[PDB]
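Residue numbers (the working numbering), protein chains in the order written: chain C, 1 to 89; chain Y, 90 to 215; chain G, 216 to 354; chain R, 355 to 560; chain S, 561 to 971; chain A, 972 to 1019. Idealized CB from N, CA, C, for every residue including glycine.
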Amino acid sequence: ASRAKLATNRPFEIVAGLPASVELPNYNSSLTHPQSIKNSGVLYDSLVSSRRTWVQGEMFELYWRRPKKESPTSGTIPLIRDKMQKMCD
Amino acid sequence: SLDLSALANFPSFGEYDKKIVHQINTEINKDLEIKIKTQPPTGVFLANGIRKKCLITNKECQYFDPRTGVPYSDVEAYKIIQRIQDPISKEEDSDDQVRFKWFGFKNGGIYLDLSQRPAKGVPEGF
Amino acid sequence: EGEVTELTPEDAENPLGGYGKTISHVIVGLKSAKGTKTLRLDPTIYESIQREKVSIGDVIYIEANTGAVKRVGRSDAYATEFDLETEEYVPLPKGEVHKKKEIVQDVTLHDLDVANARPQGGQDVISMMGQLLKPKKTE
Amino acid sequence: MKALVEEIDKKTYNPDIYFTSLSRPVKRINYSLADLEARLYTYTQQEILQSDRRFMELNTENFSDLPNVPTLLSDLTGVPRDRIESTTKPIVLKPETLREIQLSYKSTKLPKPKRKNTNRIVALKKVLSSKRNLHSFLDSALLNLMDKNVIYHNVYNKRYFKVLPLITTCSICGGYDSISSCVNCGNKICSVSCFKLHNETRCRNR
Amino acid sequence: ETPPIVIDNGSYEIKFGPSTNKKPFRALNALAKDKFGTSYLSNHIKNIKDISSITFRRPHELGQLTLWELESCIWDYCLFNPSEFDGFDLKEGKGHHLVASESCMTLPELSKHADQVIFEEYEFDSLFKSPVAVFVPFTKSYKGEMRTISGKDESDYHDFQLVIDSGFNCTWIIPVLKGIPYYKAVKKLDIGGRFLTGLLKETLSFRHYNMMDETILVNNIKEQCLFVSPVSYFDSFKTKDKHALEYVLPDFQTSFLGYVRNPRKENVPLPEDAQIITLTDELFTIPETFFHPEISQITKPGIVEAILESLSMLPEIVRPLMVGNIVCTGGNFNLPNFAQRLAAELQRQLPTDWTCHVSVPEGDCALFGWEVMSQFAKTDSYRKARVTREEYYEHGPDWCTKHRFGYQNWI
Amino acid sequence: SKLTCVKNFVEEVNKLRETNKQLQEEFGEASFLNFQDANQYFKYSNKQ
Ligand SMILES: Nc1ncnc2c1ncn2[C@@H]1O[C@H](COP(=O)(O)OP(=O)(O)O)[C@@H](O)[C@H]1O
Ligand code: BEF
Ligand SMILES: [Mg+2]
Ligand SMILES: [Zn+2]
Ligand SMILES: [Zn+2]
């Protein structure tokens, strides 16, 4: 959210922190000095974001999370292990 | 000399196509040196010598794409990235080809193929 | 002659190429009433530039005959850059940046004799002390 | 002539800083709650924005169109209207227009009418009954982001900004023989008469 | 068979007439109303007596012709009425070949509307329209009389030419390559005649009594007496008294329009009741905004910056020829010493190897666009390029503006 | 004084001059008219 508030009238919008538009990008019409994808990395940022989100997104309802650390809360780890049965990969 | 041949290719008060604009941008880009402040990360290795893990497959990265700068584990990974690029698959059933689109989710975004056949039973308008 | 627009000293392509600073050619951009020209200069000419204390915008004057650099002054374009400053503002040189002229002068034989007898060259302290001396005629 | 011996204080002396200084006469103080609020809250972006707004104001011909500038400037630049309205300090069609056109019809005499109907003719009426302004066109979704940005912005210069030299002139009369900056706001003056004029009419700190 | 009709839809004056005609007509494309609500149209504006506060409504909001209603009114007045315009009369429009002009960068929707209305409503047989810079290279087809100046001293169209179109709205830098402008290198200088008239208003109102409303008075001043400094701003400012001029204000009982006098030259005495405004610095300090926008506190880059950028964005092999073949046109260029100074500055900026040859038409430079457009219309290139009424009918309305004429085809 | 290199300058000047003579033969009637062809301008610029 703290990402730089884009200057007015850019041919893109910042969606999920990245430059995007509803229509297919027309770089050739719109850009005079396009930085390479190497230079931009936008694709890279998108891919990393995608993977991470898939690791952390809302697709499936969360039910257990490893507790962020003679606290008996350690003893609950085997209990949570036993409350589930183990199945193949 | 080759530019002179290119110049003869330029539109001559006719009905010429957009492709010229690519050459135009090529000439325009020459205006000034590029003040790229920070070079982008490159290569398939981390600073400690451990191989990077593929963002697509989670396999250990073997090769690095010099054009885009996205390292990739396998040919499949590279092909998938390229299909993410080249949104108009210029084969010219064309609409049935894998078309990945990006959807914005809380705190991030994901790529979704609108040509993905959903599970059997989806209603009309699904 | 002209007004300096750029001054980008370059070093040798390899550090082993030269000694110490290893300063290679310097590139200078001069502006005149008829256009601009980018020159490639010897490191000696760069040393002359450093001696004359030339900055960007100063009107300069280089003689390819001897490699002597003269600082005419500051361009009248930058006259009002500062509202109080001691600078001899000079106009932009007319004509081309690189003008070749044939010079004709009448000199007496006695002039050559005097030049040999009492040369004006030298920048040493001994030279300056001799310069301060009266020019007494000698046989 | 020149003092060969100088006395110095190690606390006050440095080559970095050289400094020397001397109906009730007293320095003015500004009770501007807005300016104080700005101070506590905080060319520059505001300066260039003000200059651009002044340029656009000076471009327009009719005085009556002056209070319509902020909307057009917000549409052209893309900036919010409230920001330009508040931070920056400055300085259409009706049926009556149709009636004036009917009065204007008296000059033309030749054309003759006809009749037909189709949806194409309906759209023909629709273009000739738009009554919408350039602001509507620029805000209209039919003008795409790339099209708009190319057409307005790409024709503007982006790399060269000043290659001729910079020339400063008197703020009153454009003179250049002598220049100095007024103590009150730092705008530049050339003569005593111009100083009196700046003090009476011009100076912006009062 | 009929000669083509050519109209130049200026944002300030409209130059039109049959291709057979020698010199075009004039049409002030502006709807006016006076303080008492009485409305004046086109050349009636020149007939106003209550100059003081006449308000001008125009179809070009910001150089883009948005409001059709008054455009249609002005078109109908100029096309139909023969009595004022030397008997010229567009009877009913059908079966008439029309070549027009428009702003070089028009919105696709606006151009679509323009083509649609001009085709369906007017029912012309064929139509061409494009910026004047498209017609400029065609000047080879006729024996023009255009004076030229070089900056280094004191098959019916030219392939390489650079066009500076300085009109009422804005100053355009349009490089045309073999008759199609290089649209990605097209650069706009926002300074233009409207801005310059506003700056005249401002400086007159500051130095003398408030003339902020006296639109036609300041316009007549601008017509009578402006010039760019022959060498530099300093040179003109040094001899301000020697080149000083005084403009006589309009006297409603004798002359609704004012006039300029040269104080040094011998001339008739002015009546004691006539108010006089002397001009000693605004003659040249106002036009100098073109080269030094800082003078009138404008942050935009100036004309030399814009021209040099446009030259830079061009292909390297062709840019020197473009430098040598730069041609100036438009209403603003008619003011004295603009072409000479622009040429001098351009040569001073460019490398010594290249040479710039500046050619500007003699006489009123505003009429040049109509002349070159007409001389192009009478060539085989116009016959090949022109699009017919039925061909438009065959295509959907966006097709014409997106392919034949508008920028969209390339970009 | 014995090792002066005037011959080197003269020889290179003659090799340039013969190349220029061949180029002028190829071009034909040289002129300083306003250029309307890339080839013509390039050849004139090379000549100068
Ligand atoms: N005699 C003149 N002196 C100075 N400027 C003039 C003169 N005649 C016309 N102009 C300028 O020409 C402009 C009109 O040019 P025009 O060809 O109508 O341009 P456009 O195509 O933008 O409408 C006016 O704004 C005016 O400033
Ligand atoms: F009609 Be113009 F060129 F403003
Ligand atoms: Mg025009
Ligand atoms: Zn002053
Ligand atoms: Zn002040």
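Which value, in whole angstroms, describes the spacing of the CA atoms of residue i and residue j?
i, j, result
"A:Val-984", "G:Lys-315", "19 Å"
"R:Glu-401", "R:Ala-392", "15 Å"
"Y:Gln-128", "S:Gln-909", "34 Å"
"Y:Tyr-152", "Y:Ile-139", "14 Å"
"A:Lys-1014", "A:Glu-997", "10 Å"
"Y:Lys-168", "Y:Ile-177", "15 Å"
"C:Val-55", "Y:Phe-192", "16 Å"
"R:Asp-363", "R:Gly-540", "33 Å"
"C:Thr-8", "R:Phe-491", "18 Å"
"R:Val-476", "S:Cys-633", "20 Å"
"A:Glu-1000", "A:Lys-1018", "12 Å"
At a threshold of 7 Å, does residue i count as lining ligand 5 (C-beta to nearest heavy atom)?
i, result
"R:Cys-557", "yes"
"R:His-552", "yes"
Does at least one heavy atom of ligand 1 sit under 7 Å from the Cβ of residue i?
i, result
"S:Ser-571", "yes"
"S:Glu-783", "yes"
Note down, in chain order, every chain Y residue with its Cβ under 8 Å from the Cβ of residue i.
i, result
"S:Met-873", "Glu-116, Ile-117, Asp-120"
"S:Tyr-742", "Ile-113"
"S:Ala-945", "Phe-102"
For a contact defined as C-beta to C-beta under 7 Å, what are the partners of residue i on chain S?
i, result
"R:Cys-527", "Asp-841"
Can you round the beta-carbon distance between residue i and residue j to whole angstroms, since I take them to be within the 8 Å contact cut?
i, j, result
"S:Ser-690", "S:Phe-928", "With a Cβ gap of about 16 Å, S:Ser-690 and S:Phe-928 do not count as contacting."
"S:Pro-861", "R:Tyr-514", "6 Å"
"G:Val-305", "G:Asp-328", "The Cβ separation is near 37 Å, so there is no contact."
"Y:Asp-120", "S:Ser-872", "5 Å"
"residue 975 of chain S", "S:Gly-570", "Here chain S comprises residues numbered 561 to 971, so residue 975 of chain S is not present and cannot be evaluated."
"R:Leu-403", "S:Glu-762", "R:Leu-403 to S:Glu-762, Cβ: 20 Å. No contact."
"R:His-507", "R:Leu-426", "The pair is not a contact, with the Cβ atoms about 16 Å apart (cut-off 8 Å)."
"S:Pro-584", "S:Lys-575", "4 Å"
"C:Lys-38", "Y:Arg-156", "7 Å"
Using only the heavy atoms of ligand 2, determine whether one of them is closer than 7 Å to the beta carbon of residue i.
i, result
"S:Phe-616", "no"
"S:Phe-728", "yes"
"C:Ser-21", "no"
Heavy atom of ligand 7 less than 7 Å from the Cβ of residue i, yes or no?
i, result
"S:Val-883", "Judged by which ligands are present, ligand 7 is missing from the structure shown, whose ligands are ligand 1, ligand 2, ligand 3, ligand 4 and ligand 5."
Within a Cβ cutoff of 7 Å, which residues of the same chain sit near residue i, ignoring the five residues on either side of it in sequence?
i, result
"S:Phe-787", "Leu-843, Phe-844, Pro-847, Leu-895, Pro-896, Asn-897"
"S:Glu-876", "none"
"G:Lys-252", "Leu-245, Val-312, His-313"
If I measure Cβ to Cβ from residue i and keep anything under 6 Å in the same chain, skipping five residues before and after, which residues do I get?
i, result
"G:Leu-222", "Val-243"
"S:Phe-695", "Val-932, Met-933, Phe-936"
"S:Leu-658", "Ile-565, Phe-684, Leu-687"
Going along chain Y in order, which residues have a C-beta closer than 7 Å to the C-beta of residue i?
i, result
"S:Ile-877", "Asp-92, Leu-93, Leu-96"
Output, in chain order, the set of chain S residues within a Cβ distance shorter than 8 Å of residue i.
i, result
"G:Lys-246", "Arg-908"
"G:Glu-311", "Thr-912"
Closer than 8 Å by beta-carbon distance: list the chain R residues that pair up with residue i, in chain order.
i, result
"S:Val-864", "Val-517, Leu-518"
Please find out if some non-hydrogen atom of ligand 3 comes closer than 7 Å to the beta-carbon of residue i.
i, result
"S:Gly-577", "no"
"G:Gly-217", "no"
Going along chain C in order, which residues have a C-beta closer than 9 Å to the C-beta of residue i?
i, result
"Y:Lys-107", "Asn-28, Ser-29"
Run down chain A in chain order and give the residues with a C-beta less than 7 Å from the C-beta of residue i.
i, result
"S:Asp-719", "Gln-1007"
"residue 559 of chain S", "This structure cannot speak to residue 559 of chain S, because chain S is shown only from 561 to 971."
In chain R, what lies closer than 9 Å to residue i by C-beta?
i, result
"C:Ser-36", "Within 9 Å Cβ-Cβ: nothing; C:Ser-36 doesn't reach chain R, min ~19 Å."
"G:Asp-298", "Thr-522, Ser-532, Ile-533, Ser-534, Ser-535, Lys-542"
"C:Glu-23", "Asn-498, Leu-499, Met-500"
"S:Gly-758", "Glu-411, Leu-412, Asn-413, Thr-414, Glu-415"
Quick one: list the residues of chain G neighbouring residue i, beta-carbon separation under 8 Å, in chain order.
i, result
"S:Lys-712", "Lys-249, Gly-250"
Cβ closer than 9 Å: which chain S residues qualify as neighbours of residue i?
i, result
"Y:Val-110", "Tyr-743, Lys-744, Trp-970, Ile-971"
Spatial neighbours of residue i within its chain, please: C-beta separation below 8 Å, excluding the five flanking residues on both sides.
i, result
"R:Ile-445", "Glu-411, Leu-420"
Could you tell me which chain R residues have their CB closer than 7 Å to the CB of residue i, listed as they occur along the chain?
i, result
"G:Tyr-293", "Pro-519"
In chain C, what lies closer than 8 Å to residue i by C-beta?
i, result
"R:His-507", "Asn-9"
Is any heavy atom of ligand 4 found at a distance shorter than 7 Å from the C-beta of residue i?
i, result
"R:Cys-548", "yes"
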